[PDB]
Amino acid sequence: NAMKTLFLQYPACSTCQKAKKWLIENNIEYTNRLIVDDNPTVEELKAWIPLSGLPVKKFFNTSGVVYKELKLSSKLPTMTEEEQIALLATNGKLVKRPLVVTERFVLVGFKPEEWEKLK
Amino acid sequence: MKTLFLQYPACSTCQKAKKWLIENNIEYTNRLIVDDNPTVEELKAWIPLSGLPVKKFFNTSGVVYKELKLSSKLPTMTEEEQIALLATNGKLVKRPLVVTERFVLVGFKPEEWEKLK
């Protein structure tokens, strides 16, 4: 069922295309979602981050221009998780992509070694 | 290098960890995590190596953790504040910890300790 795997991406992004190619190659049904047009909300981020097992900074798009001009490189430490999550929910360009969300795990960016948990 | 195995004798998960390292022929050096507690310099290097949030290095069954309501508090604290707290006393740190040059493991999840060859 495609409703059990949520794929959040930005279609012009090069890592996304690769990931999407991998999901189809591997026969994984999923539900598409545009991370920028329909950006993660606080309530989502607050469920997705713990499931990912990763630091909240790992959910930042550090290749982004929006990241760059808000100087988040320097600012992120000085921010609490609450503040970092609140920020993330304000702009989808700020969120790492792609993300895949399932009931048991969340994957951040495209790491084929890790995306195998979906098989 | 040495493989530090930081633990608390009376803890049953550390006991399970130790049992697993011996069973699986992995060479380690025992360290008492309470008596010989992780320093700020150790935490600042170990935390990046584990790939976990700083949050995950807290002993969630310790007395300070519970009495300070550290589950509701920790997200209101910066990484640096969390590390300075963690360094104050060994009973605050999640156990067991295994430390090598390549990586750091926190708590005992048998599948993840596969990295130890």
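Notes on the structure follow.

1. Digging into the overall build of chain A
- Across its full length, chain A holds 6 helices and 4 strands.
- What you see in chain A, going N to C, is helices and strands ordered as β-α-β-α-α-α-α-β-β-α.
- For 119 residues, the compact-globule formula gives about 14 Å, and the C-alpha radius of gyration of chain A, at 14 Å, lands near that figure.
- The C-alpha extent of chain A, read off along each of the three principal axes, is 40 × 25 × 25 Å.
- Pairs at least 24 apart in sequence give 67% of the contacts found in chain A among residues at least 6 apart.

2. Thoughts on the pairing of strand β1 (residues 6-9) of chain A
- Pairing between β1 of chain A and strand β2 (residues 31-34) of chain A: 4 bridges, direction parallel. Each residue of the ladder has a partner; that of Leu8 of chain A, found in β2 of chain A, is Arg33 of chain A.

3. A look at the interface of chain B and chain A
- Listed by partner, the interface residues are 9 residues for chain B and 10 residues for chain A.
- Buried surface at the junction of chain B and chain A, both sides included, amounts to about 700 Å², of which 55% is carbon and sulfur.
- Among the residues of chain B in contact with chain A, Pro75, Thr78 and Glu79 of chain B are the three that bury the most area, contributing 53% of the side total.
- Between the two partners, chain B and chain A, sit 2 salt bridges.

4. A look at the pairing of strand β1 (residues 4-7) of chain B
Residue and element names in this part refer to chain B.
- Neither face of β1 is open: one carries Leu4 and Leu6, the other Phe5 and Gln7, and all of them are buried.
- Bridge analysis of β1 against strand β2 (residues 29-32) gives 4 bridges, and the strand direction is parallel. For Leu4, the partnering residue across the bridge sits in β2 and is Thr29.
- Taking the sense of rotation as the criterion, the β-α-β connection linking β1, helix α1 (residues 12-23) and β2 turns out right-handed.

5. Details of the sheet that holds β2 of chain A
All names here are of chain A.
- Strands sit in the order β2-β1-β3-β4 across an open sheet of 4 strands; the sheet is mixed. Edge positions in the sheet fall to β2 and β4 (106-108), since each of these pairs with one other strand and no more. In this sheet, neighbouring strand axes are inclined to one another by 15° on average, regardless of whether the strands run parallel or antiparallel.
- Taken together, the 3 bridges between β1 and strand β3 (residues 99-101) define a ladder with antiparallel strand orientation. Across the sheet, residue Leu8 finds its bridge partner in β3, namely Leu99.
- Where helix α2 (residues 42-52) meets the sheet, its contacts fall on β1, β2, β3 and β4, and the angle it forms with β4 comes to roughly 85°.

6. Focus: the nonpolar core
- With 23 residues, the main nonpolar core has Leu6, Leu43, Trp46, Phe57, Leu86 and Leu97 of chain B as its most contacted residues.
- Per element, the largest residue contribution to this core is 3 residues, and it comes from helix α2 (residues 40-50) of chain B.
- Residues within four places of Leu97 of chain B in sequence aside, it is in contact with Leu4, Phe5, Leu6, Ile33, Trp46, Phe57, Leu105 and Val106 of chain B.
- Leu8, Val56, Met79 and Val101 of chain A belong to the second-largest nonpolar core, a separate cluster that totals 21 residues.

Parameters and conventions
- Residues numbered from 1 in each chain as written, not as in the entry; some residues may be left out.
- Chains lettered and ligands numbered in written order.
- Heavy atoms only, no water.
- Residues with missing side-chain atoms left out of burial classes, pairs and counts.
- Helix = DSSP H or I, 4+ residues; strand = E, 2+ residues; numbered from the N terminus.
- Rg over C-alpha atoms; globule rule 2.2 N^0.38 Å.
- Contact = heavy atoms within 4.5 Å.
- Pairing = 2+ DSSP bridges.
- Buried area = accessible area lost by both parts, 1.4 Å probe.
- Salt bridge = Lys/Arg side-chain N within 4 Å of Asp/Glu carboxyl O.
- Buried < 20%, exposed > 50% of the residue type's maximum accessible area, 1.4 Å probe, protein only.
- Right-handed = clockwise from strand over helix to strand, strands pointing away.
- Axes fitted to C-alpha atoms, helices over the stretch in contact; angles between N-to-C directions.
- Core = buried A, V, L, I, M, F, W, Y, C linked by side-chain atoms within 4.5 Å.

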